[PDB]
$ cat query-v1.json   # JSON, N, CA and C atoms
[["chain", "number", "residue", "atom", "x", "y", "z"],
["A", 294, "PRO", "N", 15.98, 37.28, -19.17],
["A", 294, "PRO", "CA", 15.56, 36.02, -19.80],
["A", 294, "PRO", "C", 14.04, 35.86, -19.80],
["A", 295, "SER", "N", 13.57, 35.01, -20.71],
["A", 295, "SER", "CA", 12.16, 34.68, -20.83],
["A", 295, "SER", "C", 11.95, 33.19, -20.57],
["A", 296, "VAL", "N", 10.75, 32.85, -20.11],
["A", 296, "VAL", "CA", 10.35, 31.47, -19.85],
["A", 296, "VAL", "C", 9.01, 31.22, -20.52],
["A", 297, "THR", "N", 8.86, 30.06, -21.17],
["A", 297, "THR", "CA", 7.76, 29.85, -22.10],
["A", 297, "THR", "C", 6.79, 28.73, -21.72],
["A", 298, "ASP", "N", 7.22, 27.68, -21.03],
["A", 298, "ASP", "CA", 6.30, 26.59, -20.70],
["A", 298, "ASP", "C", 6.57, 26.09, -19.29],
["A", 299, "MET", "N", 5.51, 26.05, -18.47],
["A", 299, "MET", "CA", 5.60, 25.68, -17.06],
["A", 299, "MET", "C", 4.36, 24.92, -16.62],
["A", 300, "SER", "N", 4.53, 24.14, -15.55],
["A", 300, "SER", "CA", 3.46, 23.37, -14.94],
["A", 300, "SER", "C", 3.69, 23.31, -13.43],
["A", 301, "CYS", "N", 2.68, 22.85, -12.70],
["A", 301, "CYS", "CA", 2.67, 22.91, -11.24],
["A", 301, "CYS", "C", 2.18, 21.60, -10.65],
["A", 302, "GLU", "N", 2.83, 21.15, -9.58],
["A", 302, "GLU", "CA", 2.41, 19.98, -8.84],
["A", 302, "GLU", "C", 2.65, 20.23, -7.35],
["A", 303, "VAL", "N", 1.72, 19.79, -6.51],
["A", 303, "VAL", "CA", 1.76, 20.09, -5.08],
["A", 303, "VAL", "C", 1.70, 18.80, -4.27],
["A", 304, "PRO", "N", 2.84, 18.26, -3.82],
["A", 304, "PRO", "CA", 2.82, 16.96, -3.12],
["A", 304, "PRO", "C", 2.39, 17.00, -1.66],
["A", 305, "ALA", "N", 2.30, 18.15, -1.01],
["A", 305, "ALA", "CA", 1.96, 18.16, 0.41],
["A", 305, "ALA", "C", 1.41, 19.52, 0.82],
["A", 306, "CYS", "N", 0.52, 19.51, 1.81],
["A", 306, "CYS", "CA", -0.05, 20.74, 2.34],
["A", 306, "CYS", "C", -0.64, 20.49, 3.72],
["A", 307, "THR", "N", -0.33, 21.37, 4.67],
["A", 307, "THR", "CA", -0.97, 21.40, 5.98],
["A", 307, "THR", "C", -1.09, 22.85, 6.42],
["A", 308, "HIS", "N", -2.31, 23.29, 6.74],
["A", 308, "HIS", "CA", -2.58, 24.70, 7.02],
["A", 308, "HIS", "C", -2.32, 25.02, 8.50],
["A", 309, "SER", "N", -1.04, 25.01, 8.85],
["A", 309, "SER", "CA", -0.61, 25.36, 10.19],
["A", 309, "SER", "C", -0.15, 26.81, 10.23],
["A", 310, "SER", "N", 0.26, 27.26, 11.42],
["A", 310, "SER", "CA", 0.77, 28.62, 11.57],
["A", 310, "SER", "C", 2.16, 28.79, 10.97],
["A", 311, "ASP", "N", 2.87, 27.69, 10.72],
["A", 311, "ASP", "CA", 4.20, 27.73, 10.13],
["A", 311, "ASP", "C", 4.11, 27.40, 8.64],
["A", 312, "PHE", "N", 5.28, 27.34, 7.99],
["A", 312, "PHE", "CA", 5.38, 27.12, 6.55],
["A", 312, "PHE", "C", 5.15, 25.64, 6.25],
["A", 313, "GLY", "N", 3.90, 25.28, 5.97],
["A", 313, "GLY", "CA", 3.53, 23.89, 5.77],
["A", 313, "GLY", "C", 3.21, 23.45, 4.36],
["A", 314, "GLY", "N", 3.75, 24.11, 3.35],
["A", 314, "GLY", "CA", 3.50, 23.73, 1.97],
["A", 314, "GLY", "C", 4.77, 23.68, 1.15],
["A", 315, "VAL", "N", 4.74, 22.84, 0.11],
["A", 315, "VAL", "CA", 5.84, 22.72, -0.84],
["A", 315, "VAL", "C", 5.27, 22.54, -2.24],
["A", 316, "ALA", "N", 5.91, 23.17, -3.23],
["A", 316, "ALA", "CA", 5.45, 23.13, -4.61],
["A", 316, "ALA", "C", 6.65, 23.01, -5.55],
["A", 317, "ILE", "N", 6.43, 22.36, -6.69],
["A", 317, "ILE", "CA", 7.47, 22.12, -7.69],
["A", 317, "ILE", "C", 6.99, 22.64, -9.04],
["A", 318, "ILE", "N", 7.83, 23.43, -9.71],
["A", 318, "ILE", "CA", 7.49, 24.07, -10.97],
["A", 318, "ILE", "C", 8.57, 23.74, -12.00],
["A", 319, "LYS", "N", 8.14, 23.37, -13.20],
["A", 319, "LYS", "CA", 9.03, 23.10, -14.32],
["A", 319, "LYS", "C", 9.08, 24.31, -15.25],
["A", 320, "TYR", "N", 10.24, 24.53, -15.87],
["A", 320, "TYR", "CA", 10.40, 25.71, -16.72],
["A", 320, "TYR", "C", 11.42, 25.42, -17.81],
["A", 321, "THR", "N", 11.33, 26.20, -18.89],
["A", 321, "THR", "CA", 12.33, 26.21, -19.96],
["A", 321, "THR", "C", 12.76, 27.65, -20.19],
["A", 322, "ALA", "N", 14.07, 27.89, -20.15],
["A", 322, "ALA", "CA", 14.61, 29.24, -20.16],
["A", 322, "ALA", "C", 15.46, 29.47, -21.41],
["A", 323, "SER", "N", 15.44, 30.71, -21.90],
["A", 323, "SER", "CA", 16.19, 31.06, -23.10],
["A", 323, "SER", "C", 17.67, 31.25, -22.83],
["A", 324, "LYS", "N", 18.03, 31.75, -21.64],
["A", 324, "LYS", "CA", 19.42, 32.01, -21.31],
["A", 324, "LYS", "C", 19.54, 32.16, -19.80],
["A", 325, "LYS", "N", 20.78, 32.21, -19.33],
["A", 325, "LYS", "CA", 21.05, 32.21, -17.89],
["A", 325, "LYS", "C", 20.83, 33.60, -17.29],
["A", 326, "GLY", "N", 20.25, 33.62, -16.10],
["A", 326, "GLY", "CA", 19.98, 34.88, -15.43],
["A", 326, "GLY", "C", 19.21, 34.67, -14.15],
["A", 327, "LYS", "N", 18.80, 35.78, -13.55],
["A", 327, "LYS", "CA", 18.00, 35.79, -12.33],
["A", 327, "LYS", "C", 16.62, 36.38, -12.60],
["A", 328, "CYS", "N", 15.64, 35.96, -11.80],
["A", 328, "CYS", "CA", 14.26, 36.40, -11.96],
["A", 328, "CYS", "C", 13.59, 36.46, -10.60],
["A", 329, "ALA", "N", 12.52, 37.24, -10.52],
["A", 329, "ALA", "CA", 11.79, 37.47, -9.28],
["A", 329, "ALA", "C", 10.47, 36.71, -9.27],
["A", 330, "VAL", "N", 10.00, 36.38, -8.07],
["A", 330, "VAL", "CA", 8.76, 35.62, -7.87],
["A", 330, "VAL", "C", 7.82, 36.43, -6.98],
["A", 331, "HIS", "N", 6.52, 36.23, -7.19],
["A", 331, "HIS", "CA", 5.51, 37.02, -6.49],
["A", 331, "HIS", "C", 4.17, 36.31, -6.58],
["A", 332, "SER", "N", 3.41, 36.36, -5.49],
["A", 332, "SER", "CA", 2.09, 35.75, -5.42],
["A", 332, "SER", "C", 1.03, 36.74, -5.90],
["A", 333, "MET", "N", -0.02, 36.20, -6.52],
["A", 333, "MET", "CA", -1.10, 37.01, -7.06],
["A", 333, "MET", "C", -2.38, 36.89, -6.25],
["A", 334, "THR", "N", -2.31, 36.32, -5.05],
["A", 334, "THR", "CA", -3.46, 36.21, -4.16],
["A", 334, "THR", "C", -3.06, 36.72, -2.79],
["A", 335, "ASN", "N", -4.07, 36.99, -1.96],
["A", 335, "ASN", "CA", -3.84, 37.55, -0.64],
["A", 335, "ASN", "C", -3.80, 36.51, 0.47],
["A", 336, "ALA", "N", -4.42, 35.35, 0.27],
["A", 336, "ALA", "CA", -4.48, 34.32, 1.30],
["A", 336, "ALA", "C", -3.24, 33.43, 1.35],
["A", 337, "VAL", "N", -2.31, 33.57, 0.40],
["A", 337, "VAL", "CA", -1.13, 32.71, 0.32],
["A", 337, "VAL", "C", 0.11, 33.60, 0.27],
["A", 338, "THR", "N", 1.08, 33.31, 1.13],
["A", 338, "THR", "CA", 2.30, 34.09, 1.24],
["A", 338, "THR", "C", 3.52, 33.21, 0.98],
["A", 339, "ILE", "N", 4.52, 33.78, 0.31],
["A", 339, "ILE", "CA", 5.65, 33.04, -0.23],
["A", 339, "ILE", "C", 6.93, 33.57, 0.40],
["A", 340, "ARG", "N", 7.83, 32.65, 0.77],
["A", 340, "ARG", "CA", 9.07, 33.04, 1.44],
["A", 340, "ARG", "C", 10.12, 33.55, 0.46],
["A", 341, "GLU", "N", 10.34, 32.83, -0.64],
["A", 341, "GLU", "CA", 11.45, 33.15, -1.53],
["A", 341, "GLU", "C", 11.23, 34.47, -2.25],
["A", 342, "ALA", "N", 12.31, 35.24, -2.40],
["A", 342, "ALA", "CA", 12.27, 36.53, -3.08],
["A", 342, "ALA", "C", 12.80, 36.48, -4.50],
["B", 1, "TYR", "N", 3.65, 9.35, 17.60],
["B", 1, "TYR", "CA", 2.47, 8.89, 16.88],
["B", 1, "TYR", "C", 1.99, 7.55, 17.44],
["B", 2, "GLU", "N", 0.69, 7.47, 17.74],
["B", 2, "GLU", "CA", 0.10, 6.30, 18.37],
["B", 2, "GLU", "C", -0.63, 5.45, 17.33],
["B", 3, "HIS", "N", -0.44, 4.14, 17.41],
["B", 3, "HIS", "CA", -1.03, 3.20, 16.47],
["B", 3, "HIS", "C", -1.58, 2.00, 17.23],
["B", 4, "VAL", "N", -2.75, 1.52, 16.80],
["B", 4, "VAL", "CA", -3.46, 0.43, 17.47],
["B", 4, "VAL", "C", -3.81, -0.63, 16.45],
["B", 5, "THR", "N", -3.58, -1.90, 16.80],
["B", 5, "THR", "CA", -3.84, -3.03, 15.91],
["B", 5, "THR", "C", -4.37, -4.20, 16.72],
["B", 6, "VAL", "N", -4.89, -5.21, 16.02],
["B", 6, "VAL", "CA", -5.41, -6.43, 16.62],
["B", 6, "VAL", "C", -4.81, -7.63, 15.91],
["B", 7, "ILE", "N", -4.35, -8.61, 16.68],
["B", 7, "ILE", "CA", -3.66, -9.78, 16.14],
["B", 7, "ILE", "C", -4.33, -11.06, 16.64],
["B", 8, "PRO", "N", -4.64, -12.01, 15.77],
["B", 8, "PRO", "CA", -5.21, -13.28, 16.23],
["B", 8, "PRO", "C", -4.20, -14.14, 16.96],
["B", 9, "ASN", "N", -4.72, -15.02, 17.82],
["B", 9, "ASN", "CA", -3.90, -15.84, 18.72],
["B", 9, "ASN", "C", -3.48, -17.13, 18.01],
["B", 10, "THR", "N", -2.57, -16.97, 17.06],
["B", 10, "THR", "CA", -2.03, -18.10, 16.31],
["B", 10, "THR", "C", -0.51, -18.00, 16.28],
["B", 11, "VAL", "N", 0.16, -19.10, 16.58],
["B", 11, "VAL", "CA", 1.62, -19.14, 16.68],
["B", 11, "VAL", "C", 2.19, -19.62, 15.35],
["B", 12, "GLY", "N", 3.20, -18.90, 14.85],
["B", 12, "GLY", "CA", 3.89, -19.31, 13.65],
["B", 12, "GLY", "C", 3.39, -18.72, 12.35],
["B", 13, "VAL", "N", 2.59, -17.66, 12.40],
["B", 13, "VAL", "CA", 2.07, -17.01, 11.20],
["B", 13, "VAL", "C", 2.38, -15.52, 11.28],
["B", 14, "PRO", "N", 3.13, -14.96, 10.33],
["B", 14, "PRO", "CA", 3.41, -13.52, 10.37],
["B", 14, "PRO", "C", 2.23, -12.68, 9.92],
["B", 15, "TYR", "N", 2.20, -11.44, 10.41],
["B", 15, "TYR", "CA", 1.16, -10.48, 10.06],
["B", 15, "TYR", "C", 1.80, -9.12, 9.80],
["B", 16, "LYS", "N", 1.11, -8.31, 9.00],
["B", 16, "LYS", "CA", 1.60, -6.99, 8.61],
["B", 16, "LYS", "C", 0.54, -5.93, 8.84],
["B", 17, "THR", "N", 1.01, -4.70, 9.09],
["B", 17, "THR", "CA", 0.14, -3.55, 9.30],
["B", 17, "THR", "C", 0.76, -2.33, 8.61],
["B", 18, "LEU", "N", -0.10, -1.37, 8.27],
["B", 18, "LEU", "CA", 0.30, -0.16, 7.57],
["B", 18, "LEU", "C", 0.14, 1.05, 8.47],
["B", 19, "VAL", "N", 1.17, 1.89, 8.52],
["B", 19, "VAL", "CA", 1.15, 3.15, 9.26],
["B", 19, "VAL", "C", 1.16, 4.29, 8.25],
["B", 20, "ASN", "N", 0.19, 5.19, 8.36],
["B", 20, "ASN", "CA", 0.03, 6.29, 7.42],
["B", 20, "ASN", "C", -0.06, 7.60, 8.19],
["B", 21, "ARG", "N", 0.88, 8.51, 7.91],
["B", 21, "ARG", "CA", 0.93, 9.81, 8.56],
["B", 21, "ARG", "C", 0.99, 10.88, 7.48],
["B", 22, "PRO", "N", 0.10, 11.88, 7.51],
["B", 22, "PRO", "CA", 0.11, 12.90, 6.46],
["B", 22, "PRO", "C", 1.43, 13.65, 6.41],
["B", 23, "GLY", "N", 1.90, 13.90, 5.19],
["B", 23, "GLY", "CA", 3.15, 14.60, 4.97],
["B", 23, "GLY", "C", 4.38, 13.72, 4.90],
["B", 24, "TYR", "N", 4.25, 12.42, 5.17],
["B", 24, "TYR", "CA", 5.39, 11.52, 5.21],
["B", 24, "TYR", "C", 5.09, 10.26, 4.40],
["B", 25, "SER", "N", 6.15, 9.54, 4.07],
["B", 25, "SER", "CA", 6.02, 8.28, 3.34],
["B", 25, "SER", "C", 5.44, 7.19, 4.24],
["B", 26, "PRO", "N", 4.71, 6.24, 3.66],
["B", 26, "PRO", "CA", 4.12, 5.16, 4.46],
["B", 26, "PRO", "C", 5.17, 4.15, 4.94],
["B", 27, "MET", "N", 4.83, 3.48, 6.04],
["B", 27, "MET", "CA", 5.71, 2.52, 6.68],
["B", 27, "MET", "C", 4.95, 1.24, 6.99],
["B", 28, "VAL", "N", 5.64, 0.10, 6.91],
["B", 28, "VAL", "CA", 5.03, -1.22, 7.06],
["B", 28, "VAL", "C", 5.79, -2.00, 8.13],
["B", 29, "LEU", "N", 5.05, -2.57, 9.09],
["B", 29, "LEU", "CA", 5.61, -3.36, 10.17],
["B", 29, "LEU", "C", 5.17, -4.81, 10.06],
["B", 30, "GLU", "N", 6.01, -5.71, 10.57],
["B", 30, "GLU", "CA", 5.74, -7.14, 10.55],
["B", 30, "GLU", "C", 5.95, -7.73, 11.94],
["B", 31, "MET", "N", 4.99, -8.53, 12.40],
["B", 31, "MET", "CA", 4.99, -9.08, 13.75],
["B", 31, "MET", "C", 4.69, -10.57, 13.71],
["B", 32, "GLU", "N", 5.25, -11.31, 14.67],
["B", 32, "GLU", "CA", 5.04, -12.75, 14.76],
["B", 32, "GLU", "C", 5.10, -13.18, 16.22],
["B", 33, "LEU", "N", 4.18, -14.07, 16.60],
["B", 33, "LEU", "CA", 4.02, -14.50, 17.98],
["B", 33, "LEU", "C", 4.72, -15.83, 18.20],
["B", 34, "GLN", "N", 5.50, -15.93, 19.27],
["B", 34, "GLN", "CA", 6.31, -17.12, 19.54],
["B", 34, "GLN", "C", 5.81, -17.97, 20.70],
["B", 35, "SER", "N", 5.29, -17.39, 21.78],
["B", 35, "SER", "CA", 4.80, -18.20, 22.89],
["B", 35, "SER", "C", 3.81, -17.42, 23.74],
["B", 36, "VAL", "N", 2.86, -18.14, 24.33],
["B", 36, "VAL", "CA", 1.91, -17.60, 25.30],
["B", 36, "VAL", "C", 1.77, -18.60, 26.44],
["B", 37, "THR", "N", 1.80, -18.10, 27.68],
["B", 37, "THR", "CA", 1.81, -18.95, 28.87],
["B", 37, "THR", "C", 0.76, -18.48, 29.88],
["B", 38, "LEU", "N", 0.05, -19.44, 30.47],
["B", 38, "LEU", "CA", -0.88, -19.19, 31.57],
["B", 38, "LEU", "C", -0.38, -19.86, 32.84],
["B", 39, "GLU", "N", -0.61, -19.20, 33.98],
["B", 39, "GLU", "CA", -0.12, -19.72, 35.26],
["B", 39, "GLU", "C", -1.08, -19.43, 36.41],
["B", 40, "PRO", "N", -1.69, -20.45, 37.01],
["B", 40, "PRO", "CA", -2.67, -20.22, 38.07],
["B", 40, "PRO", "C", -2.01, -20.02, 39.43],
["B", 41, "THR", "N", -2.84, -19.67, 40.41],
["B", 41, "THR", "CA", -2.43, -19.49, 41.79],
["B", 41, "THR", "C", -2.93, -20.66, 42.62],
["B", 42, "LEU", "N", -2.04, -21.26, 43.41],
["B", 42, "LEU", "CA", -2.29, -22.55, 44.04],
["B", 42, "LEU", "C", -2.21, -22.45, 45.56],
["B", 43, "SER", "N", -2.91, -23.37, 46.23],
["B", 43, "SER", "CA", -2.91, -23.47, 47.68],
["B", 43, "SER", "C", -2.98, -24.93, 48.09],
["B", 44, "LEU", "N", -2.18, -25.31, 49.09],
["B", 44, "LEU", "CA", -2.05, -26.70, 49.51],
["B", 44, "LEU", "C", -3.12, -27.07, 50.53],
["B", 45, "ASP", "N", -3.62, -28.30, 50.43],
["B", 45, "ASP", "CA", -4.62, -28.81, 51.37],
["B", 45, "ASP", "C", -4.09, -29.95, 52.23],
["B", 46, "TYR", "N", -3.63, -31.05, 51.63],
["B", 46, "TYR", "CA", -3.01, -32.14, 52.38],
["B", 46, "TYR", "C", -2.28, -33.07, 51.41],
["B", 47, "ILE", "N", -1.55, -34.03, 51.98],
["B", 47, "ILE", "CA", -0.77, -35.00, 51.22],
["B", 47, "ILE", "C", -1.08, -36.41, 51.72],
["B", 48, "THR", "N", -0.74, -37.41, 50.90],
["B", 48, "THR", "CA", -0.98, -38.81, 51.21],
["B", 48, "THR", "C", 0.25, -39.65, 50.87],
["B", 49, "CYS", "N", 0.38, -40.78, 51.56],
["B", 49, "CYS", "CA", 1.44, -41.75, 51.29],
["B", 49, "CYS", "C", 1.05, -43.09, 51.92]]
$ encode --input "query-v1.json" --output "structure tokens"
Amino acid sequence: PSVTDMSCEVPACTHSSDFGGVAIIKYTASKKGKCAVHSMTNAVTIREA
Amino acid sequence: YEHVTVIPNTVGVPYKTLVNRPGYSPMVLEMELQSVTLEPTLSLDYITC
């Protein structure tokens, strides 16, 4: 599947040693399926695969 | 979480305060004063009749 329009909002952040951030992303998809996620920076690490 | 406030010495008037903690929704408290009493320390000297 493909996704065409998205935006980002960040309601909370605390730079602790644990997972202290949450983010919400909107998307529009052409059809049902699975997709992978990945960060493009080195200072931020993401739990979900 | 520790919070400190100051209230004037007036009976029969409600007051409100705001508690703000990062990462959580705000909370509002309401307080009202009903009575204040003073009591001295006494010592007897003599009596008359």
$ residues_near_point --input "query-v1.json" --point "(-1.8, -15.9, 19.4)" --cutoff "8 Å" --atoms "only C-alpha atoms" --output "PDB file with N, CA and C atoms, in the frame of the given file"
ATOM      1  N   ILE B   7      -4.350  -8.610  16.680  1.00  0.00           N
ATOM      2  CA  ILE B   7      -3.660  -9.780  16.140  1.00  0.00           C
ATOM      3  C   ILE B   7      -4.330 -11.060  16.640  1.00  0.00           C
ATOM      4  N   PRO B   8      -4.640 -12.010  15.770  1.00  0.00           N
ATOM      5  CA  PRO B   8      -5.210 -13.280  16.230  1.00  0.00           C
ATOM      6  C   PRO B   8      -4.200 -14.140  16.960  1.00  0.00           C
ATOM      7  N   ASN B   9      -4.720 -15.020  17.820  1.00  0.00           N
ATOM      8  CA  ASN B   9      -3.900 -15.840  18.720  1.00  0.00           C
ATOM      9  C   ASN B   9      -3.480 -17.130  18.010  1.00  0.00           C
ATOM     10  N   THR B  10      -2.570 -16.970  17.060  1.00  0.00           N
ATOM     11  CA  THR B  10      -2.030 -18.100  16.310  1.00  0.00           C
ATOM     12  C   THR B  10      -0.510 -18.000  16.280  1.00  0.00           C
ATOM     13  N   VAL B  11       0.160 -19.100  16.580  1.00  0.00           N
ATOM     14  CA  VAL B  11       1.620 -19.140  16.680  1.00  0.00           C
ATOM     15  C   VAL B  11       2.190 -19.620  15.350  1.00  0.00           C
ATOM     16  N   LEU B  33       4.180 -14.070  16.600  1.00  0.00           N
ATOM     17  CA  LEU B  33       4.020 -14.500  17.980  1.00  0.00           C
ATOM     18  C   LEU B  33       4.720 -15.830  18.200  1.00  0.00           C
ATOM     19  N   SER B  35       5.290 -17.390  21.780  1.00  0.00           N
ATOM     20  CA  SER B  35       4.800 -18.200  22.890  1.00  0.00           C
ATOM     21  C   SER B  35       3.810 -17.420  23.740  1.00  0.00           C
ATOM     22  N   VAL B  36       2.860 -18.140  24.330  1.00  0.00           N
ATOM     23  CA  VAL B  36       1.910 -17.600  25.300  1.00  0.00           C
ATOM     24  C   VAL B  36       1.770 -18.600  26.440  1.00  0.00           C
TER      25      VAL B  36
END
$ interface_residues --input "query-v1.json" --of "chain A" --to "chain B" --cutoff "8 Å" --atoms "only N, CA and C atoms" --output "list in words"
residues 304, 305, 306 and 307 of chain A
$ atom_distance --input "query-v1.json" --atom1 "CA of residue 3 in chain B" --atom2 "atom N of residue 303 in chain A"
28.5 Å
$ atom_distance --input "query-v1.json" --atom1 "atom N of residue 313 in chain A" --atom2 "atom C of residue 332 in chain A"
16.7 Å
$ atom_distance --input "query-v1.json" --atom1 "atom N of residue 321 in chain A" --atom2 "atom N of residue 339 in chain A"
21.7 Å
$ residues_near_point --input "query-v1.json" --point "(5.4, 20.0, -5.5)" --cutoff "8 Å" --atoms "all atoms listed in the file" --output "count of residues only"
10
$ residues_around --input "query-v1.json" --residues "residue 325 in chain A" --least-positions-apart "2" --cutoff "12 Å" --atoms "only C-alpha atoms" --output "JSON, numbers by chain"
{"A": [294, 295, 296, 321, 322, 323, 327, 328]}
$ closest_residue --input "query-v1.json" --among "A:331, A:324, A:340, A:319" --to "residue 299 in chain A" --atoms "only C-alpha atoms"
A:319
$ axis_aligned_box --input "query-v1.json" --around "range 328-338 of chain A" --padding-each-side "5 Å" --output "JSON"
{"center_x": 5.6, "center_y": 35.1, "center_z": -5.3, "size_x": 30.1, "size_y": 14.8, "size_z": 23.3}
$ closest_residue --input "query-v1.json" --among "B:34, B:41, B:25, B:17" --to "residue 4 in chain B" --atoms "only C-alpha atoms"
B:17
$ residues_around --input "query-v1.json" --residues "residue 29 in chain B" --least-positions-apart "4" --cutoff "9 Å" --atoms "only C-alpha atoms" --output "PyMOL selection string"
chain B and resi 15-19
$ closest_residue --input "query-v1.json" --among "B:32, B:27, B:39, B:2" --to "residue 14 in chain B" --atoms "all atoms listed in the file"
B:32
$ build_atoms --input "query-v1.json" --residues "range 21-37 of chain B" --atoms "N, CA, C and O atoms" --output "PDB file, keeping the file's coordinate frame"
ATOM      1  N   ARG B  21       0.880   8.510   7.910  1.00  0.00           N
ATOM      2  CA  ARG B  21       0.930   9.810   8.560  1.00  0.00           C
ATOM      3  C   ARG B  21       0.990  10.880   7.480  1.00  0.00           C
ATOM      4  O   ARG B  21       1.850  10.811   6.584  1.00  0.00           O
ATOM      5  N   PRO B  22       0.100  11.880   7.510  1.00  0.00           N
ATOM      6  CA  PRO B  22       0.110  12.900   6.460  1.00  0.00           C
ATOM      7  C   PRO B  22       1.430  13.650   6.410  1.00  0.00           C
ATOM      8  O   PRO B  22       2.022  13.987   7.434  1.00  0.00           O
ATOM      9  N   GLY B  23       1.900  13.900   5.190  1.00  0.00           N
ATOM     10  CA  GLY B  23       3.150  14.600   4.970  1.00  0.00           C
ATOM     11  C   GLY B  23       4.380  13.720   4.900  1.00  0.00           C
ATOM     12  O   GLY B  23       5.461  14.230   4.592  1.00  0.00           O
ATOM     13  N   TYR B  24       4.250  12.420   5.170  1.00  0.00           N
ATOM     14  CA  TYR B  24       5.390  11.520   5.210  1.00  0.00           C
ATOM     15  C   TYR B  24       5.090  10.260   4.400  1.00  0.00           C
ATOM     16  O   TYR B  24       3.933   9.948   4.099  1.00  0.00           O
ATOM     17  N   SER B  25       6.150   9.540   4.070  1.00  0.00           N
ATOM     18  CA  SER B  25       6.020   8.280   3.340  1.00  0.00           C
ATOM     19  C   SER B  25       5.440   7.190   4.240  1.00  0.00           C
ATOM     20  O   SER B  25       5.644   7.196   5.457  1.00  0.00           O
ATOM     21  N   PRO B  26       4.710   6.240   3.660  1.00  0.00           N
ATOM     22  CA  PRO B  26       4.120   5.160   4.460  1.00  0.00           C
ATOM     23  C   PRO B  26       5.170   4.150   4.940  1.00  0.00           C
ATOM     24  O   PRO B  26       6.233   3.986   4.344  1.00  0.00           O
ATOM     25  N   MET B  27       4.830   3.480   6.040  1.00  0.00           N
ATOM     26  CA  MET B  27       5.710   2.520   6.680  1.00  0.00           C
ATOM     27  C   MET B  27       4.950   1.240   6.990  1.00  0.00           C
ATOM     28  O   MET B  27       3.750   1.275   7.300  1.00  0.00           O
ATOM     29  N   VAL B  28       5.640   0.100   6.910  1.00  0.00           N
ATOM     30  CA  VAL B  28       5.030  -1.220   7.060  1.00  0.00           C
ATOM     31  C   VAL B  28       5.790  -2.000   8.130  1.00  0.00           C
ATOM     32  O   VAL B  28       7.019  -2.084   8.086  1.00  0.00           O
ATOM     33  N   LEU B  29       5.050  -2.570   9.090  1.00  0.00           N
ATOM     34  CA  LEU B  29       5.610  -3.360  10.170  1.00  0.00           C
ATOM     35  C   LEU B  29       5.170  -4.810  10.060  1.00  0.00           C
ATOM     36  O   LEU B  29       4.106  -5.120   9.526  1.00  0.00           O
ATOM     37  N   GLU B  30       6.010  -5.710  10.570  1.00  0.00           N
ATOM     38  CA  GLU B  30       5.740  -7.140  10.550  1.00  0.00           C
ATOM     39  C   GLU B  30       5.950  -7.730  11.940  1.00  0.00           C
ATOM     40  O   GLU B  30       6.976  -7.465  12.572  1.00  0.00           O
ATOM     41  N   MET B  31       4.990  -8.530  12.400  1.00  0.00           N
ATOM     42  CA  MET B  31       4.990  -9.080  13.750  1.00  0.00           C
ATOM     43  C   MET B  31       4.690 -10.570  13.710  1.00  0.00           C
ATOM     44  O   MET B  31       3.955 -11.049  12.838  1.00  0.00           O
ATOM     45  N   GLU B  32       5.250 -11.310  14.670  1.00  0.00           N
ATOM     46  CA  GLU B  32       5.040 -12.750  14.760  1.00  0.00           C
ATOM     47  C   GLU B  32       5.100 -13.180  16.220  1.00  0.00           C
ATOM     48  O   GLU B  32       5.968 -12.731  16.972  1.00  0.00           O
ATOM     49  N   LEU B  33       4.180 -14.070  16.600  1.00  0.00           N
ATOM     50  CA  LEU B  33       4.020 -14.500  17.980  1.00  0.00           C
ATOM     51  C   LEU B  33       4.720 -15.830  18.200  1.00  0.00           C
ATOM     52  O   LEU B  33       4.562 -16.760  17.394  1.00  0.00           O
ATOM     53  N   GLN B  34       5.500 -15.930  19.270  1.00  0.00           N
ATOM     54  CA  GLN B  34       6.310 -17.120  19.540  1.00  0.00           C
ATOM     55  C   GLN B  34       5.810 -17.970  20.700  1.00  0.00           C
ATOM     56  O   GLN B  34       5.893 -19.200  20.622  1.00  0.00           O
ATOM     57  N   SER B  35       5.290 -17.390  21.780  1.00  0.00           N
ATOM     58  CA  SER B  35       4.800 -18.200  22.890  1.00  0.00           C
ATOM     59  C   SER B  35       3.810 -17.420  23.740  1.00  0.00           C
ATOM     60  O   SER B  35       3.919 -16.194  23.866  1.00  0.00           O
ATOM     61  N   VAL B  36       2.860 -18.140  24.330  1.00  0.00           N
ATOM     62  CA  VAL B  36       1.910 -17.600  25.300  1.00  0.00           C
ATOM     63  C   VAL B  36       1.770 -18.600  26.440  1.00  0.00           C
ATOM     64  O   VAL B  36       1.632 -19.804  26.207  1.00  0.00           O
ATOM     65  N   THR B  37       1.800 -18.100  27.680  1.00  0.00           N
ATOM     66  CA  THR B  37       1.810 -18.950  28.870  1.00  0.00           C
ATOM     67  C   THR B  37       0.760 -18.480  29.880  1.00  0.00           C
ATOM     68  O   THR B  37       0.615 -17.281  30.115  1.00  0.00           O
TER      69      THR B  37
END
